[PDB]
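Note that my numbering has the sequence shown beginning at 1, numbered continuously upward. Cβ atoms here follow ideal geometry from the backbone N, Cα and C, with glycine treated the same way.
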Amino acid sequence: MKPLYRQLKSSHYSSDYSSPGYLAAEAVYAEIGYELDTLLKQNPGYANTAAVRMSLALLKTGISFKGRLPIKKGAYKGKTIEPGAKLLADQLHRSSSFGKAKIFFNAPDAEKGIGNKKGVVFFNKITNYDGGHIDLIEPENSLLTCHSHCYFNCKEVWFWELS
Numbered sequence: 001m002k003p004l005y006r007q008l009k010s011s012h013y014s015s016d017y018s019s020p021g022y023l024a025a026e027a028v029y030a031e032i033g034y035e036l037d038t039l040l041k042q043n044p045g046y047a048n049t050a051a052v053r054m055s056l057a058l059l060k061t062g063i064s065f066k067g068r069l070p071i072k073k074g075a076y077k078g079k080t081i082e083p084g085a086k087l088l089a090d091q092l093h094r095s096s097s098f099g100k101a102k103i104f105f106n107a108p109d110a111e112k113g114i115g116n117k118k119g120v121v122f123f124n125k126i127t128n129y130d131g132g133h134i135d136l137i138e139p140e141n142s143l144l145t146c147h148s149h150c151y152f153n154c155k156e157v158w159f160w161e162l163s
């Protein structure tokens, strides 16, 4: 299956404090049975939580992929999380669930290509930001809004439309 935008959103923990769907990074990891501080010590990359948030949301709407972090607690125990944005984007890109992304190389193209659609967005090689960002995007007042944050100052914008 391919998830519905509304339900993927409902199942997605925003890292934006002012979002109705906000959840702190430590609670996200606690949910799947990890202490954030232990993980950061093992690999500081875990501070970038976008792919973990998206992974978990995808799982809850029934999309499974290979990942590299086993969930150790809760309903999804035994399933895997992909903590790397690029690696998650690659999964989606080859999945039959989503298919190939539309890939944009500048902000005008990205914005016109997304248009009034909604879906999954991946910001690749973001200026002054490490690890990329994968998120949900939709229109809001003729602008585009991301559930956590948009990073249009980047080298590539990948987009998968959802209904």
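Please classify residue i: is it buried, with 16 or more other beta-carbons within 10 angstroms of its beta-carbon, or exposed?
i, result
"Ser-163", "exposed"
"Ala-47", "exposed"
"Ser-148", "buried"
"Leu-92", "buried"
"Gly-45", "exposed"
"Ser-55", "buried"
"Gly-132", "buried"
"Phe-105", "exposed"
"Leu-143", "exposed"
"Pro-83", "buried"
For residue i versus residue j, is the C-beta distance shorter than 8 Å?
i, j, result
"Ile-32", "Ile-81", "yes"
"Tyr-13", "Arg-53", "yes"
"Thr-61", "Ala-25", "no"
"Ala-57", "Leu-87", "no"
"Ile-134", "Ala-85", "yes"
"residue 167", "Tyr-5", "Residue 167 is absent from the structure shown; the chain starts at 1 and stops at 163."
"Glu-161", "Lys-125", "no"
Report the three-state DSSP secondary structure of residue i (helix, strand or coil).
i, result
"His-149", "coil"
"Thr-38", "helix"
"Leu-143", "strand"
"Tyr-29", "helix"
"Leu-8", "helix"
"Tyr-46", "helix"
message = Three or more C-beta pairs under 8 Å: does that hold for the segment 92-111 against the segment 142-159?
response = yes
request  = Just list the beta strand (DSSP E) runs in the segment 56-123, keeping only unbroken ones of 3 residues or longer that don't cross its boundaries, in chain order.
outcome  = 102-104
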